[PDB]
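Residue numbers (this note's numbering), protein chains in the order written: chain Y, 1 to 317; chain Z, 318 to 629. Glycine included, each C-beta is placed from N, C-alpha and C at the ideal position.
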Ligand SMILES: [Ca+2]
Ligand SMILES: [Ca+2]
């Protein structure tokens, strides 16, 4: 009954909540943590991932460091204004005693998937660079992955990096387009659904009074994330993007999915934009969406059930 | 009380309904019809506009021919599959006896707006090429226009040219970006709202039994549009006209709109919702916001279109 998963992540405040939720999930085995840039640098993401393994007493869970820059190259623009200078808010934790594995995130991904064919589900919580590099290295990777659950994109909704683009896709558009076009069993969880799942002061404070294993830390890390949300929007609500993506992987019943070809804009002002062909209309001419195999896009979300699911995992002793 | 308007159009089945509605609107004066490509070629659009003036007994309304291709150049892709080979369905009408004016659509636009400053409202029913050329020719055009009502874009909705783009914006993205960025008082009516306003067989057949001035012709022209299509039709242009004369039936949202001119998502309209303060300056920051149609009172708009078309 045990479900084998690999988490590709940039921790990251909301990533940390999802990683800890995965470690608390009963029928879930975290094969390893794959690190990437985004919320913080690849260096910081690796450190934070090692810290999480130590805190959760999951020292057996290996951490594989990935790409330091996107497919096109160049120093990435990290979201330190939303996640903190180190990517973990104001939470001052000492250096982890454990080390990263020698193999890259790409090599770890390729190896585990080929070892357990049709068994490994990949949860992509950050830019898709490592997954795209893994697809390019092994042609049987696409065939051997059970499913890829992607947190990214904005489908008929405003982006967070730019009005047109969501952060993860904006951080590496080329990689996102390569993954969405790969023909693998992909499930995309965009801002259109994650911005529906709100967390008020009530649930965050309910989490503090509980005897949750990592409750005190998660409330401490979410404190910085709350202050940014109130400054940027003027609302005392927070969207936990990564935990919603985890809920789509382990509890897909709480969501509704729509089939369609997704393409990513890699050029111009709308770089990082995710355009989905709804397939309801037959096009008069062949376009960049014709011929490619469709992927599943999260369309509807049972907001009260997802919030209660996240709360049940976080409050768990 | 009379409202001075210029219609920039590519007639066009739905454009023809809106033009005839404007001619039937009480406190509305159509200063002229500005032609453009899109639903048909610029040549066909000009012919169809002249035919409409003749049918409506509005021979005093001048027709100024505009651009035959977009700002970037090249033969445009016309929607003859949706509007017919001539852009007026299967409605076989003889050549109009009246002719177009000597001045271009750009020169007509610039002249009428400078003559009546802060009085002329421009209804853009097709690609924005003529309006962008008018902005580039006269720097005081943006200041002198009362308002520009634009039919185009797809704001958090699927496009009709591509999944990302609406036809009018896709036909000339450079022009659309130049207009949305001009700083003029712009009102955008996208697919997000036009696909909400449905016209069934019931309303179309209700229109036939009425003693409407151009009812028989409008049902004949909409017959081809119905066959192309669910047994429902979206009358895009008439909704845009309703936003110009009856804005109360709509809700508008302020925001900076940018148009993608490059790549796969060419023609996409991205609106900065302004609800979030950006940490750094981006292509949506150094520009004045425009009004985007957000909500539409669907039953009131349908009843408004019906009252104008059934009018004797
Ligand atoms: Ca993340
Ligand atoms: Ca039109």
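Asked: Straight-line Cα distance separating residue 388 (chain Z) from residue 488 (chain Z); Found: 10 Å
Asked: Of the listed residues Y:184, Y:214 and Y:222, nearest to residue 199 (chain Y) (C-alpha basis); Found: Y:222
Asked: Element boundaries [alpha helix (DSSP H), containing residue 545 (chain Z)]; Found: 532–545
Asked: CB contact check: residue 162 (chain Y) to chain Z, cutoff 7 Å; Found: yes
Asked: Separation of residue 600 (chain Z) from residue 303 (chain Z), as counted between CA atoms; Found: Coverage of chain Z is limited to positions 318 through 629, which leaves residue 303 (chain Z) absent and any answer about it impossible.
Asked: The segment 496–505 of chain Z in contact with the segment 390–400 of chain Z per 3-pair CB rule at 8 Å; Found: no
Asked: Chain-ordered neighbours of residue 168 (chain Y) on chain Z, where CB pairs are closer than 8 Å; Found: Result: empty, since nearest Cβ-Cβ is about 17 Å, beyond 8 Å.
Asked: beta-carbon residue 443 (chain Z) near ligand 2 non-hydrogen atom, thresh 6 Å; Found: yes
Asked: Interface partners of residue 238 (chain Y) on chain Z, CB under 8 Å; Found: Correct list: empty, because the minimum Cβ distance to chain Z is about 14 Å.
Asked: Beta carbon proximity, residue 611 (chain Z) to chain Y, threshold 7 Å; Found: no
Asked: beta-carbon residue 344 (chain Y) near ligand 2 non-hydrogen atom, thresh 6 Å; Found: Because residue 344 (chain Y) is not part of the residues shown, which for chain Y are 1 to 317, the question remains open.
Asked: Straight-line gap, residue 235 (chain Y) to residue 519 (chain Z) (C-alpha atoms, nearest Å); Found: 46 Å
Asked: Cβ-heavy atom distance, residue 319 (chain Y) to ligand 1, below 6 Å; Found: In the structure as shown, chain Y begins at 1 and stops at 317. Residue 319 (chain Y) is therefore absent and cannot be evaluated.
Asked: Residue 73 (chain Y) CB to nearest heavy atom of ligand 1 below 6 Å; Found: no
Asked: Nearest-angstrom beta carbon gap, residue 322 (chain Z) and residue 347 (chain Z) [assumed within contact, 8 Å]; Found: 6 Å
Asked: Heavy atom of ligand 2 within 6 Å of residue 107 (chain Y) beta-carbon; Found: no
Asked: Residue 213 (chain Y) burial status per 10 Å Cβ neighbour count (16 or more: buried); Found: buried
Asked: Test item: CB-CB of residue 555 (chain Z) and residue 334 (chain Z) under 7 Å; Found: yes
Asked: Within-7 Å CB hit, residue 330 (chain Z) to chain Y; Found: no
Asked: Min CB distance residue 196 (chain Y) to chain Z below 7 Å; Found: no
Asked: Proximity test, residue 291 (chain Y) beta-carbon vs ligand 2 heavy atom, cut-off 6 Å; Found: no
Asked: Residue from Y:279, Y:2, Y:49 and Y:261 whose Cα sits closest to the Cα of residue 187 (chain Y); Found: Y:261
Asked: 7 Å Cβ cutoff met for residue 153 (chain Y) and residue 10 (chain Y); Found: no
Asked: Near ligand 2: residue 554 (chain Z) beta-carbon under 6 Å from a heavy atom; Found: yes
Asked: Residues that residue 33 (chain Y) bridges to, as DSSP identifies them; Found: Y:7 and Y:63
Asked: Test: residue 503 (chain Z) CB closer than 7 Å to a CB of chain Y; Found: no
Asked: At least 3 beta-carbon pairs within less than 8 Å: the segment 361–371 of chain Z vs the segment 412–430 of chain Z; Found: yes
Asked: Closer than 7 Å to chain Y by CB, residue 581 (chain Z); Found: yes
Asked: Partner residues on chain Y for residue 589 (chain Z), Cβ-Cβ distance less than 7 Å; Found: 163
Asked: Cβ of residue 475 (chain Z) within 7 Å of any chain Y Cβ; Found: yes
Asked: Chain-ordered chain Y contacts of residue 599 (chain Z) [CB-CB under 7 Å]; Found: 162
Asked: Where the alpha helix (DSSP H) containing residue 453 (chain Z) begins and where it ends; Found: 446–454
Asked: Presumed contact (8 Å Cβ cut-off) between residue 123 (chain Y) and residue 246 (chain Y), rounded CB distance; Found: 7 Å
Asked: Proximity of residue 66 (chain Y) and residue 35 (chain Y) at Cβ, strictly below 7 Å; Found: yes
Asked: Cα-Cα separation between residue 139 (chain Y) and residue 117 (chain Y), rounded to whole angstroms; Found: 13 Å
Asked: Any non-hydrogen atom of ligand 2 within 6 Å of residue 403 (chain Z) CB; Found: no
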